[PDB]
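**Q** Opening piece of the complex, as it sits:
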Amino acid sequence: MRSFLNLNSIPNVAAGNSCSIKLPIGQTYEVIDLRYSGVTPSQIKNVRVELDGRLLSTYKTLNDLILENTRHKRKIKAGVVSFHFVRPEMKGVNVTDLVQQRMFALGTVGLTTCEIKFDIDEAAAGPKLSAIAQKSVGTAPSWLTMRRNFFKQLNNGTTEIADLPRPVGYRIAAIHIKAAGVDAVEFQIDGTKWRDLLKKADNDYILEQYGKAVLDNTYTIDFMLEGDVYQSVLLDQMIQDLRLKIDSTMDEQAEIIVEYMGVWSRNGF
Amino acid sequence: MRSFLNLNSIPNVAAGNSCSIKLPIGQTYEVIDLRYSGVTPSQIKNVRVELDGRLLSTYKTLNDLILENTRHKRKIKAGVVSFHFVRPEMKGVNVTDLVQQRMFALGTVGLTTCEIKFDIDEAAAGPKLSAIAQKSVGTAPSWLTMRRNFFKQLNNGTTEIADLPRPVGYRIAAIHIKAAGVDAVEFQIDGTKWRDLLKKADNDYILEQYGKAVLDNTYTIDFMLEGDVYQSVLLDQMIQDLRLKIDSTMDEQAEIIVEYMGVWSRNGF
């Protein structure tokens, strides 16, 4: 049996304020529903999920969490944005789908602090935020999704990005290139071309082919289209080159979103 | 990890030409995305999937592949038509859903030739065709879907079709009766009425009840509505009668589509 709780009131919710959603340790957080009003998702900046003071996932703005959910075609409702720790799209290969999905839940056992920090923009009309938690029996943090932010310059022509962090033992579920002039992209590991120079229209067709929604000004490289976690990129301690070849038409700075995965460690990624 | 490749250019793509998509042997083809322009799907006639020169699946026109995907409510996009070897609707009974779906993938190991032949109509404006392959590790052809074409005269009253091929060890996933005046149909094996004389409206209701889309001028007899492969007709060597009783209102020529299934054999069905 799961428990649906109305989280404690968020302290000091005001424009230009730096607030935090301190989660009580002991149980497992499958989903966290954040209700907002008097402020836009884009006005909720620097969203950071911290476990024991360390960064797990990061969102430039709350709007990126809305887009993250939209991509998987999850239920979107105005005035509310959810933190899906449990991945509903997961499919089991040697285990049940339910086990593969729940395996991403935010367990807090052994944790000292679990926080969701963020900054409220100064332009916020009259910010009002509350949270509800869908919890289950306590478990260690274990397998978690770690959304990381990276900024790189794209040229009009061909740009290559090979300096992406490769935490050993971790995996890569997907890579999202946020740019308005990306025509095609190619992904390779150690010379091996896992993703040919696929045109945007072709890449976007495959995405939609798997029930995903194409995000505006974004080139998504989904490594878990089938929902199989074993299809994701395994950051082998032996990989020599993890490269991305981007064919752009504009000269801009792209925001590269990398969805990492791995067993959370107090001294890990 | 899967590999998305931009297949080699299709040789001699022109109106009235007979082209072919020669697939490189070695790996497994889960899906093949065929992009088309300057030609209609109906202008791409006699589509044949051949393994080692032998026929696997046949489509009168590329439009039949579009309808095949539409029926399962798969993502349809104008300018592109996919060959879904892996059946996304499959559900596992003693294995995972993923295993049951991937089991239909087009493995090429041990093959000498893998081709997708077709003829471009003479009226084609300015045919342009390209293909992309979603591949995975190599496997034998193994369990494959074998789409077969049959033409039979349907009377105004009652017609019976009992001369459908019954390859031993093979199965029948579904039967599609392409006619405009079919009121009701009855299916029986050895006297046993597995499908009562069901009215079109009633049959179509059950189809939609399982997330399927009803095709125009078609009476579909889906034996895998639940996605369970073991619900399909098992063509036992002992079966004495496999009959179809069609109640039509028109005198016409029907195109009977039979979706067979079985382990591919170089000297089999």
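**A** Thanks, I have the structure now. Numbering: from 1, shown residues only, chains lettered A, B, ... in the order given.

**Q** Tell me the bridge partners for the residue with the largest distance to the centre of chain A.
**A** Computed with C-alpha atoms, centre = their mean, the residue of chain A farthest from its C-alpha average is residue A:157, at 28.4 Å. Here residue A:157 sits in beta bridges with residue A:248, as judged by DSSP bridges.

**Q** ditto for residue A:55
**A** On the basis of DSSP bridges, residue A:55 is bridged to residue A:50.

**Q** Okay, strands next: where are they in the stretch 151-269 of chain A?
**A** Assigned by DSSP state E, counting those that start in this stretch, the strands in the stretch 151-269 of chain A fall at A:157-161, A:171-178, A:182-189, A:192-199, A:218-222, A:233-234, A:242-248, A:252-263.

**Q** Out of these, flag the one nearest residue B:216.
**A** strand A:192-199 (32.7 Å; C-beta to C-beta). Just so you know, the C-beta spots here come from the backbone N, C-alpha and C atoms, and that holds for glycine as well.

**Q** Which strands and helices lie in contact with that closest one?
**A** In this structure, strand A:192-199 packs against strand A:182-189, strand B:3-6, with contacts taken as 3 or more C-beta pairs under 8 Å, 6 or more residues apart in numbering or on different chains; DSSP states H and E.

**Q** nearest to residue A:68, of those?
**A** Short answer: strand A:182-189, nearest of those by C-beta to C-beta, at 18.8 Å.

**Q** Give me the angle between the closest one and strand A:252-263.
**A** Here the directions of strand A:182-189 and strand A:252-263 differ by 40 degrees (axes from the mean of the first three to the mean of the last three C-alpha atoms, to 10 degrees).

**Q** Listing partners with orientation, what would you give for strand A:182-189?
**A** Checking strand A:182-189 against DSSP bridges gives partners strand A:192-199 (antiparallel), strand A:242-248 (antiparallel).

**Q** Tabulate those strands (a markdown table), appending mean neighbour count.
**A** Below are the strands paired with strand A:182-189 laid out as a markdown table (neighbours: other C-beta atoms under 10 Å in any protein chain shown):
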| stretch | mean neighbour count |
| --- | --- |
| strand A:192-199 | 18 |
| strand A:242-248 | 20 |
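
**Q** Out of these, flag the one nearest residue B:203.
**A** Of all these, strand A:192-199 comes closest under C-beta to C-beta, at 40.8 Å.

**Q** include chain C too:
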Amino acid sequence: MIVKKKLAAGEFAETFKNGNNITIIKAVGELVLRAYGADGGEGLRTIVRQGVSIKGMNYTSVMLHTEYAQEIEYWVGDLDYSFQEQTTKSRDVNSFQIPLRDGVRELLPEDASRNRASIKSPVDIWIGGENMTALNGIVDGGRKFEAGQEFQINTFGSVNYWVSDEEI
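**A** Alright, chain C goes in next:
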């Protein structure tokens, strides 16, 4: 190491391969409104709008986020220990008279010891830095102080004057 940081509009990424100045005091320079970041294993953020002394963290590359495109270049000198303090105080006074002659001439020399000068000219006098010229009796790069006006200069560098173009 003393390193440049210039502007234009978008993100900048100056990644010199050696964070010797990791566990080190940064003498970072800052204009108007920016955001920065620390990349040395972990990807971090930073926001700072005034000249500040930073402490040590890990660094292989620097992230440079931009809000205002048209701010100004800086030199973020990262050093193990960086302490700079000295204004004075003046102990000595010396009073004397300068010889005002023709054309642009030096009023005061560069002199590291000078703190302050209080000056009064008996004639209108144009005062400026090294750019001051007076081609044809017209002073450019100067400003006038009036005859009898007491004024002060608190620099330690050259100052120049002009009063007249008459040789005799």
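
**Q** follow-up on the earlier one: surely the residue farthest from the centre of chain A and residue A:248 touch.
**A** Yes. Between residue A:157 and residue A:248 there is a contact at 7.1 Å, judged by C-beta atoms under 8 Å.

**Q** Give me the nearest residue to residue C:41, chain neighbours excluded.
**A** residue C:58 (5.4 Å; C-beta to C-beta, 6 or more residues apart in numbering or on different chains).

**Q** what about that neighbour, neighbour count?
**A** Neighbours of residue C:58 under the rule other C-beta atoms under 10 Å in any protein chain shown: 13.

**Q** and what of residue A:21?
**A** 22.

**Q** same question, residue A:262
**A** Residue A:262, neighbours per other C-beta under 10 Å, totals 19.

**Q** close enough to count as contact, it and residue A:232?
**A** No. Applying C-beta under 8 Å as the test, residue A:262 and residue A:232 come out as separate, 10.5 Å apart.

**Q** what residues are shared contacts of those two?
**A** Residues touching both residue A:262 and residue A:232 by C-beta atoms under 8 Å, 6 or more residues apart in numbering or on different chains: residue A:171.

**Q** Relative to chain C, which residue of chain A is the closest?
**A** Going by C-beta to the nearest C-beta, chain C is nearest to residue A:253 of chain A, at 4.1 Å.

**Q** Thought residue C:9 was touching that residue, still the case?
**A** No. Residue A:253 lies out of contact with residue C:9 (C-beta under 8 Å); the separation is 9.1 Å.

**Q** neighbour-wise, which of those two wins?
**A** residue A:253 (17 against 11).

**Q** List the residues that contact that one.
**A** A:151, A:152, A:153, A:154, C:10, C:11.

**Q** of those, list those near chain B.
**A** The overlap between the contacts of residue A:253 and the neighbours of chain B (C-beta under 8 Å from any C-beta of the partner chain) is empty.

**Q** Of those, just the buried ones, PyMOL syntax please.
**A** Buried subset of the contacts of residue A:253, written as a PyMOL selection, criterion 16 or more other C-beta atoms under 10 Å in any protein chain shown:
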select buried, (chain A and resi 151+152+154) or (chain C and resi 11)
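
**Q** Looking at the contacts of residue A:253, which is nearest residue C:68?
**A** The nearest member of the contacts of residue A:253 to residue C:68, counting by C-beta to C-beta, is residue C:10 at 11.9 Å.
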